[PDB]
>>> print(open('entry_4.txt').read())   # compact mmCIF, C-alpha atoms and all ligand atoms
# COMPACT_ATOMS: atom_id res chain seq x y z
CA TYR J 1 38.49 -15.61 5.87
CA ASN J 2 35.24 -16.00 3.97
CA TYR J 3 33.98 -17.57 7.21
CA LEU J 4 33.75 -15.86 10.59
CA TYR J 5 32.15 -16.50 13.98
CA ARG J 6 30.91 -14.94 17.21
CA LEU J 7 32.19 -15.69 20.72
CA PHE J 8 30.92 -12.86 22.99
CA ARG J 9 27.24 -11.98 23.36
CA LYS J 10 25.08 -10.63 26.17
CA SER J 11 22.75 -13.64 26.09
CA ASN J 12 22.81 -17.04 24.43
CA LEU J 13 20.83 -17.92 21.31
CA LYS J 14 17.34 -19.41 20.71
CA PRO J 15 16.63 -22.65 18.81
CA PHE J 16 16.53 -22.05 15.05
CA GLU J 17 17.45 -18.40 15.65
CA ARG J 18 20.19 -16.78 13.58
CA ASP J 19 21.57 -13.75 15.40
CA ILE J 20 22.99 -11.44 12.73
CA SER J 21 23.17 -7.88 14.09
CA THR J 22 26.58 -6.16 14.02
CA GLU J 23 26.35 -4.54 17.44
CA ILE J 24 29.45 -3.64 19.44
CA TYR J 25 29.91 -5.69 22.61
CA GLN J 26 30.26 -4.24 26.10
CA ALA J 27 32.12 -6.64 28.40
CA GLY J 28 32.62 -4.10 31.20
CA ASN J 29 30.60 -1.95 33.56
CA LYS J 30 31.25 1.02 31.21
CA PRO J 31 29.59 1.47 27.79
CA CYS J 32 31.32 1.65 24.40
CA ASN J 33 29.17 4.17 22.46
CA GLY J 34 29.95 2.47 19.15
CA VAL J 35 33.72 2.99 19.36
CA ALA J 36 36.37 0.23 19.56
CA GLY J 37 38.39 0.10 22.82
CA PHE J 38 38.59 -1.62 26.25
CA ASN J 39 35.53 -3.90 26.76
CA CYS J 40 34.68 -2.94 23.12
CA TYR J 41 34.63 -6.13 21.01
CA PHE J 42 33.23 -6.38 17.52
CA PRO J 43 30.71 -9.25 17.76
CA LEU J 44 32.40 -11.27 14.98
CA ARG J 45 36.02 -12.59 14.74
CA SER J 46 37.49 -14.63 11.84
CA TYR J 47 38.90 -18.22 11.82
CA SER J 48 42.38 -18.84 10.37
CA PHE J 49 41.54 -22.02 8.46
CA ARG J 50 44.96 -23.26 7.36
CA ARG N 1 -3.58 -4.12 5.71
CA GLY N 2 -0.66 -5.56 7.68
CA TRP N 3 1.73 -5.39 10.61
CA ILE N 4 5.35 -4.66 11.48
CA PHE N 5 6.90 -7.04 14.05
CA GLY N 6 10.29 -6.49 15.71
CA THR N 7 12.30 -6.04 18.89
CA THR N 8 13.74 -2.72 17.65
CA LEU N 9 11.65 -1.66 14.61
CA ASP N 10 14.62 0.53 13.63
CA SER N 11 16.35 -1.22 10.66
CA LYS N 12 19.31 -1.94 12.96
CA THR N 13 18.15 -5.55 13.38
CA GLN N 14 15.69 -7.77 11.45
CA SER N 15 12.01 -6.65 11.22
CA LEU N 16 9.41 -8.63 9.19
CA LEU N 17 6.98 -6.87 6.76
CA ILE N 18 3.38 -7.99 5.99
CA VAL N 19 0.61 -6.51 3.72
CA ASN N 20 -2.91 -7.55 2.51
CA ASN N 21 -2.67 -6.22 -1.08
CA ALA N 22 -5.96 -6.56 -2.98
CA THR N 23 -3.97 -8.81 -5.33
CA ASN N 24 -2.04 -10.97 -2.85
CA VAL N 25 -0.14 -10.97 0.44
CA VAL N 26 3.62 -10.33 0.64
CA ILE N 27 5.75 -11.03 3.75
CA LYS N 28 9.50 -10.27 3.54
CA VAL N 29 11.99 -10.27 6.44
CA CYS N 30 14.56 -7.69 5.37
CA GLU N 31 16.43 -4.89 7.12
CA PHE N 32 13.62 -2.65 5.94
CA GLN N 33 13.83 1.14 6.27
CA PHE N 34 10.39 2.75 6.80
CA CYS N 35 9.21 6.34 7.23
CA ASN N 36 7.59 8.06 10.20
CA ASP N 37 4.04 7.29 8.97
CA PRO N 38 4.25 4.30 6.59
CA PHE N 39 1.08 3.48 4.67
CA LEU N 40 0.54 2.01 1.18
CA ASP N 41 -0.48 4.21 -1.81
CA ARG N 42 6.01 3.14 -0.81
CA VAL N 43 5.54 1.93 2.80
CA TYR N 44 9.24 1.00 3.05
CA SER N 45 12.45 2.36 1.55
CA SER N 46 15.88 0.93 0.73
CA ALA N 47 15.11 -2.77 1.13
CA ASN N 48 18.28 -4.27 2.63
CA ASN N 49 19.23 -7.84 3.60
CA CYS N 50 16.18 -9.50 2.08
CA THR N 51 16.36 -13.07 3.41
CA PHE N 52 12.85 -14.55 3.31
CA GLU N 53 9.68 -13.91 1.31
CA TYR N 54 6.19 -15.32 0.82
CA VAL N 55 3.37 -14.42 -1.57
CA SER N 56 0.07 -16.28 -1.98
CA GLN N 57 -3.63 -15.54 -2.25
CA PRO N 58 -4.48 -12.44 -0.16
CA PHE N 59 -5.79 -12.77 3.38
CA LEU N 60 -9.03 -10.79 3.64
CA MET N 61 -12.04 -11.59 1.47
CA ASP N 62 -15.47 -9.98 1.79
CA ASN N 63 -24.45 -3.70 6.27
CA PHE N 64 -22.55 -6.15 8.46
CA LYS N 65 -19.07 -5.03 9.49
CA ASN N 66 -16.69 -7.86 8.65
CA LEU N 67 -14.62 -9.26 11.53
CA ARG N 68 -11.12 -10.68 10.90
CA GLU N 69 -9.47 -12.51 13.83
CA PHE N 70 -5.79 -13.47 13.90
CA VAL N 71 -3.45 -15.05 16.44
CA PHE N 72 0.15 -14.01 15.83
CA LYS N 73 2.53 -16.34 17.69
CA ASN N 74 6.19 -17.32 17.30
CA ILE N 75 7.94 -20.52 18.39
CA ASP N 76 11.58 -21.54 17.72
CA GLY N 77 11.75 -19.42 14.56
CA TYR N 78 8.45 -20.78 13.21
CA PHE N 79 6.16 -17.75 13.21
CA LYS N 80 2.59 -19.06 13.30
CA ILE N 81 -0.32 -17.06 11.86
CA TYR N 82 -3.97 -18.08 12.17
CA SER N 83 -6.73 -16.79 9.90
CA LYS N 84 -10.41 -16.11 10.59
CA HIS N 85 -13.15 -14.12 8.84
CA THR N 86 -16.67 -13.52 10.13
CA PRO N 87 -19.40 -10.98 9.29
CA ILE N 88 -20.60 -8.92 12.27
CA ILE N 89 -23.97 -7.18 12.27
CA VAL N 90 -23.01 -3.54 12.88
CA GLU N 91 -18.70 -0.95 19.12
CA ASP N 92 -18.26 -4.26 20.96
CA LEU N 93 -16.43 -7.55 20.42
CA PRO N 94 -19.24 -10.04 19.73
CA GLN N 95 -19.89 -12.17 22.80
CA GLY N 96 -20.19 -15.61 21.24
CA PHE N 97 -18.03 -18.58 20.31
CA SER N 98 -15.96 -19.83 17.37
CA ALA N 99 -12.54 -21.23 16.50
CA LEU N 100 -9.63 -20.29 14.22
CA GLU N 101 -8.27 -22.52 11.49
CA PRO N 102 -4.49 -22.33 11.09
CA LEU N 103 -3.32 -20.61 7.89
CA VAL N 104 0.48 -20.74 7.47
CA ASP N 105 3.76 -21.07 9.35
CA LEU N 106 6.98 -19.47 8.18
CA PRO N 107 10.58 -19.98 9.38
CA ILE N 108 11.62 -16.34 9.67
CA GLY N 109 13.85 -16.85 12.71
CA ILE N 110 13.94 -13.35 14.22
CA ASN N 111 13.64 -11.74 17.64
CA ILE N 112 10.28 -10.03 18.16
CA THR N 113 9.34 -7.91 21.17
CA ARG N 114 7.03 -5.18 19.79
CA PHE N 115 4.57 -4.95 16.93
CA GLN N 116 2.93 -2.00 15.16
CA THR N 117 -0.10 -2.22 12.78
CA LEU N 118 0.18 -0.92 9.17
CA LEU N 119 -2.95 1.22 8.57
CA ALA N 120 -4.28 3.28 5.61
CA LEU N 121 -5.19 6.97 5.99
CA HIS N 122 -8.75 6.54 4.67
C1 LIG G 1 23.34 -6.96 5.01
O1 LIG G 1 23.85 -6.17 3.94
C2 LIG G 1 24.97 -5.36 4.32
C3 LIG G 1 25.34 -4.52 3.12
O2 LIG G 1 24.74 -3.24 3.19
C4 LIG G 1 26.12 -6.22 4.84
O3 LIG G 1 27.15 -5.35 5.30
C5 LIG G 1 28.47 -5.92 5.28
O4 LIG G 1 28.48 -7.34 5.07
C6 LIG G 1 29.77 -7.96 5.10
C7 LIG G 1 29.57 -9.43 4.79
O5 LIG G 1 30.70 -10.20 5.16
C8 LIG G 1 30.41 -7.73 6.46
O6 LIG G 1 31.70 -8.33 6.50
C9 LIG G 1 30.52 -6.24 6.72
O7 LIG G 1 31.06 -6.00 8.02
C10 LIG G 1 29.14 -5.58 6.62
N1 LIG G 1 29.25 -4.14 6.80
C11 LIG G 1 28.26 -3.39 7.28
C12 LIG G 1 28.55 -1.92 7.40
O8 LIG G 1 27.17 -3.86 7.60
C13 LIG G 1 25.63 -7.14 5.95
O9 LIG G 1 26.64 -8.07 6.33
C14 LIG G 1 24.41 -7.92 5.49
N2 LIG G 1 23.92 -8.79 6.55
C15 LIG G 1 23.69 -10.09 6.36
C16 LIG G 1 23.19 -10.85 7.55
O10 LIG G 1 23.87 -10.63 5.27
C1 LIG G 2 15.28 -10.49 22.10
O1 LIG G 2 15.18 -9.09 22.34
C2 LIG G 2 14.76 -8.77 23.67
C3 LIG G 2 14.59 -7.27 23.72
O2 LIG G 2 15.84 -6.62 23.86
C4 LIG G 2 15.78 -9.29 24.67
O3 LIG G 2 15.31 -9.05 25.99
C5 LIG G 2 16.32 -8.35 26.75
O4 LIG G 2 17.57 -9.05 26.85
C6 LIG G 2 18.60 -8.24 27.40
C7 LIG G 2 19.92 -9.00 27.35
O5 LIG G 2 20.26 -9.26 25.98
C8 LIG G 2 18.24 -7.87 28.83
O6 LIG G 2 19.23 -6.99 29.37
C9 LIG G 2 16.88 -7.18 28.87
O7 LIG G 2 16.48 -6.98 30.23
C10 LIG G 2 15.84 -8.04 28.16
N1 LIG G 2 14.55 -7.36 28.15
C11 LIG G 2 14.13 -6.59 27.15
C12 LIG G 2 14.78 -5.25 27.02
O8 LIG G 2 13.24 -6.96 26.40
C13 LIG G 2 16.01 -10.79 24.47
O9 LIG G 2 17.07 -11.23 25.31
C14 LIG G 2 16.34 -11.09 23.01
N2 LIG G 2 16.44 -12.53 22.81
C15 LIG G 2 17.50 -13.25 23.20
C16 LIG G 2 17.43 -14.72 22.90
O10 LIG G 2 18.45 -12.74 23.77
>>> encode(input="entry_4.txt", output="structure tokens")
Amino acid sequence: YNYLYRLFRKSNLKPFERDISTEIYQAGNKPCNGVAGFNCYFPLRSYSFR
Amino acid sequence: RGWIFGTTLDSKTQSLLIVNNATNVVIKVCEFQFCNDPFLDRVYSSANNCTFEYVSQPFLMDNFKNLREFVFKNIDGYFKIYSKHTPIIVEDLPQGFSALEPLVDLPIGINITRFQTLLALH
């Protein structure tokens, strides 16, 4: 788990652009206000490289 | 002496930093934390996530007010900066004609939407 990845983002990336910000993700019509919950996904998840 | 470029300019996301020190120029893309009125003597504070830097000969050399033209433009991470210096006799942009040599391109790779100039008090 030294390596992680992103799968949800509001908009796709740009060539040679490294998106790095740790901003909570809102997948629903309602906001998240910086608190985990429904439609509240941390932008990064970790791979289980076994 | 320089500029601050960024889509947030709030240390939440990346924001480049540029300065024309009388000794050199220094451009560093870190998660810089500034103050309300940042000017050099200290402009920033708590340099975090320093990922890219560049220092070389400074930008601006020397009755006639000196004119310094620059075209700041960014493509696919490659931020392009053009340099130009021209003496102007004593306002109004001088109706005339000239070109701009390119100066340097750096692979900062950040999102930029707003930019604010770094100015000295006097
Ligand atoms: C910028 O530096 C900060 C340290 O202040 C890093 O913060 C943590 O970095 C680890 C790296 O794996 C993350 O797992 C944590 O979630 C981060 N925590 C916080 C509160 O930010 C940050 O990752 C650094 N950013 C980059 C792009 O290197
Ligand atoms: C770079 O930042 C700008 C400024 O936020 C982004 O432009 C906005 O994108 C969001 C979606 O992520 C839209 O909801 C806004 O309407 C856009 N306009 C604004 C506020 O400038 C831009 O999308 C970012 N770059 C990338 C590749 O997503």
>>> closest_atom_pairs(input="entry_4.txt", of="chain J", to="chain N", cutoff="10 Å", atoms="only C-alpha atoms", output="tab-separated table")
residue	atom	partner	partner_atom	distance
J:14	CA	N:76	CA	6.8
J:15	CA	N:76	CA	5.3
J:16	CA	N:77	CA	5.5
J:17	CA	N:109	CA	4.9
J:18	CA	N:109	CA	6.4
J:19	CA	N:110	CA	7.7
J:20	CA	N:13	CA	7.7
J:21	CA	N:13	CA	5.6
J:22	CA	N:12	CA	8.5
J:23	CA	N:12	CA	8.7
>>> closest_residue(input="entry_4.txt", among="N:86, N:21, N:51, N:95", to="ligand LIG 1 (chain G)", atoms="all atoms listed in the file")
N:51
>>> atom_distance(input="entry_4.txt", atom1="atom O4 of ligand LIG 1 (chain G)", atom2="atom CA of residue 18 of chain N")
25.1 Å
>>> atom_distance(input="entry_4.txt", atom1="atom CA of residue 80 of chain N", atom2="atom CA of residue 105 of chain N")
4.6 Å
>>> residues_around(input="entry_4.txt", residues="residue 71 of chain N", least_positions_apart="5", cutoff="8 Å", atoms="all atoms listed in the file", output="short mmCIF file (atom, residue, chain, number, x, y, z; two decimals) with C-alpha atoms, in the coordinates of the input")
data_model
loop_
_atom_site.label_atom_id
_atom_site.label_comp_id
_atom_site.auth_asym_id
_atom_site.auth_seq_id
_atom_site.Cartn_x
_atom_site.Cartn_y
_atom_site.Cartn_z
CA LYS N 80 2.59 -19.06 13.30
CA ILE N 81 -0.32 -17.06 11.86
CA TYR N 82 -3.97 -18.08 12.17
CA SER N 83 -6.73 -16.79 9.90
#
>>> closest_atom_pairs(input="entry_4.txt", of="chain N", to="ligand LIG 1 (chain G)", cutoff="8 Å", atoms="all atoms listed in the file", output="Markdown table")
| residue | atom | partner | partner_atom | distance |
| --- | --- | --- | --- | --- |
| N:31 | CA | G:LIG1 | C1 | 7.5 |
| N:48 | CA | G:LIG1 | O1 | 6.0 |
| N:49 | CA | G:LIG1 | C1 | 4.4 |
>>> residues_around(input="entry_4.txt", residues="residue 30 of chain J", least_positions_apart="6", cutoff="12 Å", atoms="only C-alpha atoms", output="PyMOL selection string")
chain J and resi 37-40
>>> residues_near_ligand(input="entry_4.txt", ligand="ligand LIG 2 (chain G)", cutoff="8 Å", atoms="only C-alpha atoms and all ligand atoms", output="mmCIF file with C-alpha atoms, keeping the file's coordinate frame")
data_model
loop_
_atom_site.group_PDB
_atom_site.id
_atom_site.type_symbol
_atom_site.label_atom_id
_atom_site.label_comp_id
_atom_site.auth_asym_id
_atom_site.auth_seq_id
_atom_site.Cartn_x
_atom_site.Cartn_y
_atom_site.Cartn_z
ATOM 1 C CA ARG J 9 27.240 -11.980 23.360
ATOM 2 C CA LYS J 10 25.080 -10.630 26.170
ATOM 3 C CA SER J 11 22.750 -13.640 26.090
ATOM 4 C CA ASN J 12 22.810 -17.040 24.430
ATOM 5 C CA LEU J 13 20.830 -17.920 21.310
ATOM 6 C CA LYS J 14 17.340 -19.410 20.710
ATOM 7 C CA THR N 7 12.300 -6.040 18.890
ATOM 8 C CA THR N 8 13.740 -2.720 17.650
ATOM 9 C CA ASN N 111 13.640 -11.740 17.640
ATOM 10 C CA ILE N 112 10.280 -10.030 18.160
ATOM 11 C CA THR N 113 9.340 -7.910 21.170
#
>>> residues_near_point(input="entry_4.txt", point="(4.6, -17.6, -4.6)", cutoff="10 Å", atoms="all atoms listed in the file", output="number ranges by chain")
N: 24-26, 53-57
>>> write_last_selection(input="entry_4.txt", atoms="C-alpha atoms", output="mmCIF file, in the coordinates of the input")
data_model
loop_
_atom_site.group_PDB
_atom_site.id
_atom_site.type_symbol
_atom_site.label_atom_id
_atom_site.label_comp_id
_atom_site.auth_asym_id
_atom_site.auth_seq_id
_atom_site.Cartn_x
_atom_site.Cartn_y
_atom_site.Cartn_z
ATOM 1 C CA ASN N 24 -2.040 -10.970 -2.850
ATOM 2 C CA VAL N 25 -0.140 -10.970 0.440
ATOM 3 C CA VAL N 26 3.620 -10.330 0.640
ATOM 4 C CA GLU N 53 9.680 -13.910 1.310
ATOM 5 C CA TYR N 54 6.190 -15.320 0.820
ATOM 6 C CA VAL N 55 3.370 -14.420 -1.570
ATOM 7 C CA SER N 56 0.070 -16.280 -1.980
ATOM 8 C CA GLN N 57 -3.630 -15.540 -2.250
#
>>> axis_aligned_box(input="entry_4.txt", around="segment 102-109 of chain N", padding_each_side="6 Å", output="AutoDock Vina command-line options")
--center_x 4.7 --center_y -19.3 --center_z 10.1 --size_x 30.3 --size_y 18.0 --size_z 17.2
>>> closest_residue(input="entry_4.txt", among="N:96, N:101, N:30, N:47", to="residue 69 of chain N", atoms="only C-alpha atoms")
N:101
>>> atom_distance(input="entry_4.txt", atom1="atom CA of residue 27 of chain N", atom2="atom CA of residue 85 of chain N")
19.8 Å
>>> residues_around(input="entry_4.txt", residues="residue 4 of chain J", least_positions_apart="4", cutoff="12 Å", atoms="all atoms listed in the file", output="ChimeraX atom specification")
/J:20,42-49
>>> residues_around(input="entry_4.txt", residues="residue 119 of chain N", least_positions_apart="5", cutoff="12 Å", atoms="only C-alpha atoms", output="PDB file with C-alpha atoms, keeping the file's coordinate frame")
ATOM      1  CA  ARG N   1      -3.580  -4.120   5.710  1.00  0.00           C
ATOM      2  CA  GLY N   2      -0.660  -5.560   7.680  1.00  0.00           C
ATOM      3  CA  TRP N   3       1.730  -5.390  10.610  1.00  0.00           C
ATOM      4  CA  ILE N   4       5.350  -4.660  11.480  1.00  0.00           C
ATOM      5  CA  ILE N  18       3.380  -7.990   5.990  1.00  0.00           C
ATOM      6  CA  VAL N  19       0.610  -6.510   3.720  1.00  0.00           C
ATOM      7  CA  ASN N  20      -2.910  -7.550   2.510  1.00  0.00           C
ATOM      8  CA  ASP N  37       4.040   7.290   8.970  1.00  0.00           C
ATOM      9  CA  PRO N  38       4.250   4.300   6.590  1.00  0.00           C
ATOM     10  CA  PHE N  39       1.080   3.480   4.670  1.00  0.00           C
ATOM     11  CA  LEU N  40       0.540   2.010   1.180  1.00  0.00           C
ATOM     12  CA  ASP N  41      -0.480   4.210  -1.810  1.00  0.00           C
ATOM     13  CA  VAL N  43       5.540   1.930   2.800  1.00  0.00           C
TER      14      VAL N  43
END
>>> build_atoms(input="entry_4.txt", residues="segment 19-30 of chain J", atoms="N, CA, C and O atoms", output="PDB file, in the frame of the given file")
ATOM      1  N   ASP J  19      21.176 -15.104  15.026  1.00  0.00           N
ATOM      2  CA  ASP J  19      21.570 -13.750  15.400  1.00  0.00           C
ATOM      3  C   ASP J  19      22.527 -13.204  14.342  1.00  0.00           C
ATOM      4  O   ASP J  19      23.518 -13.851  13.991  1.00  0.00           O
ATOM      5  N   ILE J  20      22.217 -12.017  13.824  1.00  0.00           N
ATOM      6  CA  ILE J  20      22.990 -11.440  12.730  1.00  0.00           C
ATOM      7  C   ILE J  20      23.446 -10.015  12.982  1.00  0.00           C
ATOM      8  O   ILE J  20      24.314  -9.516  12.244  1.00  0.00           O
ATOM      9  N   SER J  21      22.902  -9.306  13.967  1.00  0.00           N
ATOM     10  CA  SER J  21      23.170  -7.880  14.090  1.00  0.00           C
ATOM     11  C   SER J  21      24.640  -7.621  14.413  1.00  0.00           C
ATOM     12  O   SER J  21      25.265  -8.351  15.185  1.00  0.00           O
ATOM     13  N   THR J  22      25.189  -6.569  13.803  1.00  0.00           N
ATOM     14  CA  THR J  22      26.580  -6.160  14.020  1.00  0.00           C
ATOM     15  C   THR J  22      26.594  -5.057  15.069  1.00  0.00           C
ATOM     16  O   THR J  22      26.759  -3.874  14.770  1.00  0.00           O
ATOM     17  N   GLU J  23      26.415  -5.460  16.322  1.00  0.00           N
ATOM     18  CA  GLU J  23      26.350  -4.540  17.440  1.00  0.00           C
ATOM     19  C   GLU J  23      27.594  -4.705  18.309  1.00  0.00           C
ATOM     20  O   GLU J  23      27.949  -5.830  18.676  1.00  0.00           O
ATOM     21  N   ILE J  24      28.245  -3.585  18.629  1.00  0.00           N
ATOM     22  CA  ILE J  24      29.450  -3.640  19.440  1.00  0.00           C
ATOM     23  C   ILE J  24      29.120  -4.265  20.795  1.00  0.00           C
ATOM     24  O   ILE J  24      27.997  -4.156  21.304  1.00  0.00           O
ATOM     25  N   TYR J  25      30.102  -4.952  21.370  1.00  0.00           N
ATOM     26  CA  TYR J  25      29.910  -5.690  22.610  1.00  0.00           C
ATOM     27  C   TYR J  25      30.541  -4.950  23.769  1.00  0.00           C
ATOM     28  O   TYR J  25      31.680  -4.480  23.676  1.00  0.00           O
ATOM     29  N   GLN J  26      29.795  -4.851  24.863  1.00  0.00           N
ATOM     30  CA  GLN J  26      30.260  -4.240  26.100  1.00  0.00           C
ATOM     31  C   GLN J  26      30.489  -5.357  27.113  1.00  0.00           C
ATOM     32  O   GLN J  26      29.531  -5.974  27.590  1.00  0.00           O
ATOM     33  N   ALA J  27      31.753  -5.622  27.425  1.00  0.00           N
ATOM     34  CA  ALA J  27      32.120  -6.640  28.400  1.00  0.00           C
ATOM     35  C   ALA J  27      32.375  -6.071  29.784  1.00  0.00           C
ATOM     36  O   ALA J  27      32.616  -6.839  30.720  1.00  0.00           O
ATOM     37  N   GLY J  28      32.326  -4.748  29.941  1.00  0.00           N
ATOM     38  CA  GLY J  28      32.620  -4.100  31.200  1.00  0.00           C
ATOM     39  C   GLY J  28      31.450  -3.282  31.713  1.00  0.00           C
ATOM     40  O   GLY J  28      30.423  -3.123  31.048  1.00  0.00           O
ATOM     41  N   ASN J  29      31.635  -2.754  32.924  1.00  0.00           N
ATOM     42  CA  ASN J  29      30.600  -1.950  33.560  1.00  0.00           C
ATOM     43  C   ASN J  29      30.357  -0.634  32.835  1.00  0.00           C
ATOM     44  O   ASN J  29      29.323   0.004  33.062  1.00  0.00           O
ATOM     45  N   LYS J  30      31.285  -0.215  31.969  1.00  0.00           N
ATOM     46  CA  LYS J  30      31.250   1.020  31.210  1.00  0.00           C
ATOM     47  C   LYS J  30      30.797   0.754  29.777  1.00  0.00           C
ATOM     48  O   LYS J  30      31.117  -0.289  29.203  1.00  0.00           O
TER      49      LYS J  30
END
